[PDB]
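Every chain is numbered from 1 and lettered A, B, ... according to where its sequence line falls, protein lines coming before strand lines.
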Amino acid sequence: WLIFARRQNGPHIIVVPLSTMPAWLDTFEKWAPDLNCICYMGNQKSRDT
DNA sequence: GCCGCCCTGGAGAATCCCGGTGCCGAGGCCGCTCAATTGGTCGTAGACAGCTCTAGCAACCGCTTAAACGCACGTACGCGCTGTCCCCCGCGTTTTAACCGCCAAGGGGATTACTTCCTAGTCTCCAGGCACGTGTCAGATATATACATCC
């Protein structure tokens, strides 16, 4: 609603526990498929990528 | 008949043991004598209580990730053996100086007692240096925007 209706499509940050991480990823992939949701874990090289 | 040679007995001297007496090491006793003891007084060091704030601790969690661990291989090094030669050890001989016992006088230093005075302890008062907190300021850093240029 913030991205589409109010045109606030800027950078948003969501900080979640690691154990609940796929439960947010599938929710983003299902409910809002047009969003540019990105993932941030890994070692130093994955985060550099 | 006279002279020379072999066998055996008792008295004189050396040695072991015991008693009386004098000398070395140590302990009891006495005398000085100074430092430990006793008794009293008082100040304060520390024990105790109380409140506040911070670190540690037992037992659990979760995540990351680098260190630890296990294994295989290979090769370098510890170790054993042998040779060799050289240098240290044992011994005999000669020297030499350490060691002990001596001057010869003089100064250094340890005590005992005494005198004196300078300097450091102690007390009171005060002030500024140290510890803590904060406003402000100049150097370092990151980016906004305008100009020259290659394809």
Side-chain angles (χ1 to χ4, degrees), chain A residues 1-6 8-28 30-49:
Chain A
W1 176 86
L2 212 58
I3 285 184
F4 278 107
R6 281 305 176 274
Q8 278 282 87
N9 44 4
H12 305 148
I13 179 66
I14 298 187
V15 184
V16 287
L18 188 89
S19 54
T20 76
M21 185 75 174
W24 287 65
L25 270 174
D26 63 347
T27 316
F28 289 169
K30 167 186 174 182
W31 281 73
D34 301 333
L35 259 63
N36 200 359
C37 49
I38 63 168
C39 172
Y40 209 72
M41 283 78 75
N43 53 4
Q44 195 50 253
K45 189 252 285 184
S46 165
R47 276 175 276 130
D48 274 329
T49 307

Going by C1'-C2'-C3'-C4' alone, is [N] a north or a south sugar?
N	result
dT111(B)	north
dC51(B)	south
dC61(B)	north
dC87(B)	south

So which atom in [X] and which in [Y] form the shortest heavy-atom distance, rounded to 0.1 Å?
X	Y	result
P22(A)	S19(A)	CD-O, 4.3 Å
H12(A)	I3(A)	CE1-CG1, 3.8 Å
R47(A)	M41(A)	CG-O, 3.6 Å

Rounded to the Å, how far apart are [X] [atom1] and [N] [atom2]?
X	N	atom1	atom2	answer
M21(A)	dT64(B)	CE	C1'	16 Å
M41(A)	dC63(B)	CE	P	11 Å
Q44(A)	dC63(B)	CD	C1'	16 Å
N43(A)	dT64(B)	CG	P	10 Å

Practice item. Determine which bases of DNA chain B form Watson-Crick or G-U wobble pairs with both distances under 3.5 Å, and write the result as a 5' to 3' dot-bracket string with | for other-strand partners. Key: .......................................................................................................................................................

Point to revise | Contact check, side chains of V15(A) and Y40(A), non-hydrogen atoms, under 4.5 Å | key: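 A side-chain contact is absent here, since even the closest heavy-atom pair is not under 4.5 Å.
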
Check your understanding: For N36(A), does the CG atom sit with more than 12 other heavy atoms under 6.0 Å from it, leaving out its own atoms?
Key ->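 12 or below, so no.
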
Practice item. Indicate whether OP1 or OP2 belonging to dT65(B) is found under 4.0 Å from a side-chain N or O atom of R47(A). Key: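 Yes.
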
Point to revise | Interatomic distance, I38(A) atom CD1 to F28(A) atom CZ [nearest 0.5 angstrom] | key: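 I38(A) CD1 to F28(A) CZ: 11.0 Å, rounded to 0.5 Å.
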
